[PDB]
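For the deposited numbering, add 52 to where a residue sits in the sequence shown, where the first one is 1. For every residue, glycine included, the Cβ atom is placed at its ideal position computed from N, Cα and C. Remarks on the structure that follows.
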Amino acid sequence: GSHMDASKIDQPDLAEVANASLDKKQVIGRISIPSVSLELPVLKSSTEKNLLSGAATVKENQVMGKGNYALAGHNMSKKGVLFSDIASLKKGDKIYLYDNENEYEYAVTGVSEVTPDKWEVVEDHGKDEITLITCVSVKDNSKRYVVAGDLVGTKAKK
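Put into structure tokens, the structure is as follows:
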């Protein structure tokens with residue numbers, strides 16, 4: 053994955069996150085996860101700054117409802133923060149994702165921990181699947197928590 057130095061976000065201080073501004077102009081969808089009571093905007097531009105206010109997509113030419121939709125968030129390990137409790141998601145957990153003007157119903161199929169070099173979990177397999185991960189967790193050497201889910205349905209955003 054490039055120079056692997058892309059995810060060099062490093063658990064930033066709340067001061068940087070609190071002061072960090074968000075360009076709603078970079079919003080292309082939304083992510084809702086009742087399981088943790090998490091509601092956030094989906095930012096296409098994956099930047100260290102953008103990740104401070106919401107969940108950013110990992111790839112560029114990603115499409116909701118098509119292929120493996122990879123979403124990256126913070127692992128600050130603090131309930132209430134972004135992706136701060138993804139490993140709490142149980143199999144069959146309802147994940148509501150929003151696209152252009154569409155609402156996608158995603159269900160968790162299984163949670164697991166994989167090294168950061170195993171991007172196969174974030175890469176497209178050949179179906180409508182969803183993958184939730186984090187830019188950085190604990191330590192580089194340490195591992196990370198990843199949640200995988202499958203597409204259960206789709207509808208229009210009101």
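Counting only unbroken stretches of 4 or more residues, no alpha helix (DSSP H) element lies wholly within the segment 90-116.
In the pairwise beta carbon analysis, the segment 195-202 is classified as touching the segment 129-149: at least three pairs are separated by under 8 Å.
With respect to the 8 Å criterion, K179 and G162 are not classified as neighbours on the basis of their beta carbons.
Around the Cβ of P168, a 10 Å sphere holds 16 or more other Cβ atoms; the residue is buried. For the 8 Å CB-CB criterion, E155 and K209 form a contact. Annotation for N71: no beta strand (DSSP E) segment contains it, though the alpha helix (DSSP H) segment containing it runs 66-71. Secondary structure of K143 (DSSP, three-state): coil.
Among the bridge pairs identified by DSSP, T206 is matched with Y156.
In the three-state reduction of the DSSP assignment, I61 falls in the coil class, being assigned neither a helical nor a strand state. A124 and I85 have their C-alpha atoms spaced approximately 14 Å apart. Exposure of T99 is indicated by the presence of fewer than 16 other C-beta atoms within 10 angstroms of its C-beta.
A residue is called buried when at least 16 other Cβ atoms come within 10 angstroms of its Cβ; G132 does not meet this threshold and is exposed. Shown here for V204: same chain residues with a beta carbon closer than 6 Å to its own, the five before and five after excluded, namely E157, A159 in chain order.
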